[PDB]
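For ligands, and for the atoms within them, numbers begin at 1 and follow the listed sequence. Chain naming here is simple, since letters A, B, ... match the order of the sequence lines and numbering starts at 1 in each. These values consider heavy atoms only, across backbone and side chains, with no hydrogens, waters or symmetry-generated copies.
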Amino acid sequence: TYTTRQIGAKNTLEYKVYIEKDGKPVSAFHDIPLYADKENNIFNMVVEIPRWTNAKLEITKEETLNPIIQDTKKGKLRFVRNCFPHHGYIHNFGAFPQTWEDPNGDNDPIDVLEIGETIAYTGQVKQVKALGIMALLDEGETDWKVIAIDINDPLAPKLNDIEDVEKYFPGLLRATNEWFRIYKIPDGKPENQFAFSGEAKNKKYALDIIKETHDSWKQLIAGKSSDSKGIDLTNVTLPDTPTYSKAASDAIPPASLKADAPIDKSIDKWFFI
Amino acid sequence: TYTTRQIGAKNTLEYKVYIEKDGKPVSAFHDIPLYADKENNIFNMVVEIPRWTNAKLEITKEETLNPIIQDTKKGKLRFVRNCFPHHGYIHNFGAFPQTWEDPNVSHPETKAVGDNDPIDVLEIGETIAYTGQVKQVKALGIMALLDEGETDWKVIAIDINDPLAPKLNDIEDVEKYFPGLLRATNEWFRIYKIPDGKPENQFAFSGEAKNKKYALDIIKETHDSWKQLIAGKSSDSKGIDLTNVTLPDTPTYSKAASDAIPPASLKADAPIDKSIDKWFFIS
Ligand SMILES: [Mg+2]
Ligand SMILES: [Mg+2]
Ligand SMILES: [Mg+2]
């Protein structure tokens, strides 16, 4: 059973969320299997950011057991601003564990946008099916975005490929295109650009990419990548890896007893680009 | 000064919010002056529903001192559903006190009776408001919504404390600084009850946002309707509770009504059923 352990107050520099398996912290990057059901391409997704929130949360590659923390720049917590007509992040945003875009690639686990009705929670492990994939082309890095749905969603049986997103979620793909293009404009950065003219490739195409990034992670965790600088490969479930250490689980502090910190009211603001 | 008195937890049937002046409840409908500054057309707005929330919180016309309570259907808490690409309400939503959309006459702009409520206000400023807040706003324009076939004007307004307030003086300024907002507003009020099995709503003037001068004219009309109501002179007051603590010349004035309200019993927000998360795709 997967649960979460929160350190610190939410919306502070001290906030960290670890994934626990049967009460013991594990690595959110390395220890959660990519496949919940390999034969049927059912994936485990680690959720970072709930739909309609603003705090930029992500698995940190550089801390032991890779907790989810809030992104910072020059000591300040980072939030995405509200870009009309959107409210914060417009999907449940996360990543597939045991994947890595080898930059020898955007240097992170492959990104996943989960489109189901229920708002997710940070550190949630949910089971999803892949529907398709877009590519943001970012400063010479291919930043893939897998489009996925929770298998427990009421609509999941009716969605199998990317054309189904158009039928059941009309305009969601367009919103995704727009959102990714504009979401950094309030931060003083340029419009982003997509490959393939913003088109989403199909499931078959997504699976090939996901599989490549899994193979890259296999090389990484085996200690065989050309360059793993800045990545903590400590794990507690893979006994024949060089960086296996069960003791890392016990070194994690206990759950903090703290209410969410307030978010500055400036984050309410709606930007019209 | 205005504050709030909360009974119970948000998102429960027990939840009530009373507006207080000097720590004592007053009628949110009748006792808050329409104007904060009459000469400059600065209005008091009673906030009901913060931007990007769902709970359908309403000044309760039929309850003494008209606390804000969540509406229900078949005894269950009512929430407006998320209609793609929107998240809940896309404005800070509330009312002007001391106004009434008269349900006993057909209004000439729409050819329909009023919806029986105070005139509704969409406050477009950056900061998310809170339930029971009294804020001061300038009117910028107005839209002639027919909501389930009833005259249901929507005033477009901005909090006078918003950084942009000095730059927003008439409805054309809203399109300048908030491009696409008015179009989205038209859409939102057309579609927002489709997930509840109700028809699309409609607007007079093909959804045109009429200007400030138009808005002030209609606000005046609804204030005049309220003056008749509170005097006890409406042909049909629809069982509205006219108890008030500040209007000595009205038949229903009662300073004592304030003392009869229970003390605050504020609890943490209760959880909302996960179904309310759902995003509906209408077209
Ligand atoms: Mg990522
Ligand atoms: Mg990426
Ligand atoms: Mg109304």
Side-chain angles (χ1 to χ4, degrees), chain A residues 28-29 45-49 56-62 66 68-71 78 80 89 91-103 105-114 122 133-148 180 183 192 194-195 206 209-210 212-213 216-217 231, chain B residues 29 45-46 48-49 56-61 71 80 89 91 93-97 99-103 107 110 112-122 142-155 188-189 192-193 201 203 218-219 222 225-226 238 240:
Chain A
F29 191 179
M45 176 193 178
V46 174
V47 177
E48 294 158 316
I49 297 174
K56 179 170 170 194
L57 305 179
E58 58 208 325
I59 290 167
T60 174
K61 300 193 292 300
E62 76 179 353
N66 312 287
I68 296 155
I69 68 173
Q70 191 163 356
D71 194 49
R78 302 210 31 65
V80 180
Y89 281 87
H91 311 97
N92 298 137
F93 276 61
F96 284 144
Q98 304 191 332
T99 64
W100 183 49
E101 292 197 17
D102 190 336
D106 70 11
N107 201 33
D108 266 318
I110 200 179
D111 299 308
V112 182
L113 311 177
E114 194 276 311
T122 294
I133 194 169
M134 297 172 161
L136 258 191
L137 283 177
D138 169 20
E139 288 198 37
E141 294 179 347
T142 302
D143 181 3
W144 295 106
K145 304 300 173 187
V146 178
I147 299 149
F180 274 111
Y183 79 115
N192 302 128
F194 279 90
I209 300 301
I210 292 159
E212 289 177 58
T213 62
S216 292
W217 170 87
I231 304 173
Chain B
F29 195 171
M45 169 193 183
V46 174
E48 296 162 298
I49 294 171
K56 180 62 180 271
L57 305 171
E58 296 179 341
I59 294 159
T60 303
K61 300 183 293 294
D71 200 19
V80 171
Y89 281 72
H91 329 267
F93 186 97
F96 286 146
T99 64
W100 197 34
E101 291 278 19
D102 186 348
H107 298 240
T110 52
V113 304
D115 86 333
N116 197 38
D117 265 338
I119 199 173
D120 301 313
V121 178
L122 307 181
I142 198 170
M143 293 176 150
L145 174 68
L146 279 301
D147 196 330
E148 300 190 56
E150 299 184 322
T151 296
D152 195 19
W153 296 102
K154 298 287 173 282
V155 180
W188 195 100
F189 282 97
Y192 79 112
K193 290 198 270 205
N201 292 321
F203 284 86
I218 300 310
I219 293 8
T222 61
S225 297
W226 173 89
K238 310 290 184 178
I240 293 164

Checklist entry - Relative to each other, are the rings of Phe93(A) and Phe180(A) parallel, tilted or perpendicular (30° and 60° limits)? => result tilted
Checklist entry - Within a strict 4.5 Å, meaning less than it, do heavy atoms of the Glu101(A) and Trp144(A) side chains meet? => result yes
Checklist entry - Can you name the closest pair of heavy atoms from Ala28(A) and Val46(A) and give their distance? => result O-CG2, 3.8 Å
Checklist outcome for this item: Shortest non-hydrogen pair, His91(A) vs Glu114(A), comes out as CB-O, 3.9 Å
Checklist entry - With a distance cut-off below 6.0 Å to the six-membered ring centre and an angular limit of 45° from the axis, does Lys61(A) pair with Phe29(A) as a cation-pi contact? => result no
Checklist entry - Are any non-hydrogen side-chain atoms of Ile119(B) and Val155(B) less than 4.5 angstrom apart? => result yes
Next on the checklist: Listing by chain and number, which protein N, O or S atoms are under 2.8 Å from the Mg ion (ligand 2)?
Outcome noted: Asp106(A) OD2, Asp111(A) OD2, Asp143(A) OD1
Next on the checklist: For N/O/S atoms only: which one belongs to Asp115(B) and is nearest the Mg ion (ligand 3)?
Outcome noted: OD2
